[PDB]
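Chemist: The structure's right below; bear with me while I get my questions together.
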Amino acid sequence: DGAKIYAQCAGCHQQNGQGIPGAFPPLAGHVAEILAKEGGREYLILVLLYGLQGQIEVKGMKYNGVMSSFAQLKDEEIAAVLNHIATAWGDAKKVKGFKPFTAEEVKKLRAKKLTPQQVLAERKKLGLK
Ligand code: HEC
Numbered sequence: 003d004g005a006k007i008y009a010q011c012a013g014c015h016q017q018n019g020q021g022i023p024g025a026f027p028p029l030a031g032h033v034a035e036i037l038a039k040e041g042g043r044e045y046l047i048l049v050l051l052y053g054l055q056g057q058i059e060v061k062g063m064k065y066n067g068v069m070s071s072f073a074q075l076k077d078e079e080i081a082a083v084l085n086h087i088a089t090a091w092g093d094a095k096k097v098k099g100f101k102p103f104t105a106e107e108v109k110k111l112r113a114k115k116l117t118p119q120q121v122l123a124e125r126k127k128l129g130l131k
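Here the sequence shown stands for residues 3 to 131, where the numbers follow the entry's author numbering.
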């Protein structure tokens, strides 16, 4: 299940999804922020398929690291871990009519490979600084 997959994330984003200041951005309380943007759920899938780099801000703090791709996960595994980070800390509560992540959403985005620099560009297109 998604919680089991999340073990592959926990080393960085931590068991409680609160991250490490300056090093690993929080997921708890921040996934909602992303989902709130038009294109936000697609962006979350792209991070997992293609990785991320570049300076970003989360809850007013700056991050400047690199996240690897997790494309070796299957479509259902990526769907499951994203549902985990969307629900485990209540972020989806904050979001009106959250539909759970599904395998075909991941499949569709795998069809167009992006670089981690292009993933950062997608993040910026969301209105996120
Ligand atoms: C440490 C080696 C990491 C592991 C394992 C995972 N992630 Fe990560 N992630 C990491 C960093 C350093 C960053 C920021 C990169 C930067 O440009 O500074 C991230 C980013 C994310 C994001 C995006 C958050 C945003 O505000 O844009 C998500 C949603 C994300 N990471 C989730 C995630 C998941 C679900 C992982 C396991 C499947 C995972 N990450 C692994 C570092 C590391």
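The C-beta atom is built at its ideal place from N, Cα and C for all residues, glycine as well.
Write down the C-beta distance between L50 and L84 rounded to the nearest angstrom, noting that I regard them as a contact closer than 8 Å.
Modeler: 7 Å
Chemist: If you run the structure through DSSP and keep just helix, strand and coil, what is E59?
Modeler: strand
Chemist: Please name the residue in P102, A88 and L46 whose C-alpha comes closest to that of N18.
Modeler: With distances taken between Cα atoms, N18 lies closest to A88.
Chemist: The ligand HEC and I22: does any heavy atom of the ligand fall closer than 6 Å to the residue's C-beta?
Modeler: Taken from the Cβ of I22, every heavy atom of the ligand HEC lies 6 Å or farther away.
Chemist: If you pair each beta-carbon of the region 100-118 with each one of the region 67-85, do three or more pairs fall below 8 Å?
Modeler: yes
Chemist: Kindly examine the ligand HEC and report whether one of its heavy atoms sits closer than 6 Å to the Cβ of residue 1.
Modeler: In the structure as shown, the chain begins at 3 and stops at 131. Residue 1 is therefore absent and cannot be evaluated.
Chemist: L54 by DSSP, collapsed to three states: which one?
Modeler: Strand.
Chemist: Flag this pair as yes or no: are the beta carbons of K131 and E40 separated by less than 7 Å?
Modeler: no
Chemist: Would you give the residue range spanned by the alpha helix (DSSP H) that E78 belongs to?
Modeler: Element bounds for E78: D77 to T89.
Chemist: Bridge partners of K64, per DSSP?
Modeler: Residue pairing from DSSP places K64 in a beta bridge opposite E59.
Chemist: Would you say the beta carbon of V60 is closer than 6 Å to some non-hydrogen atom of the ligand HEC?
Modeler: It does: the Cβ of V60 is within 6 Å (strictly closer) of some heavy atom of the ligand HEC.
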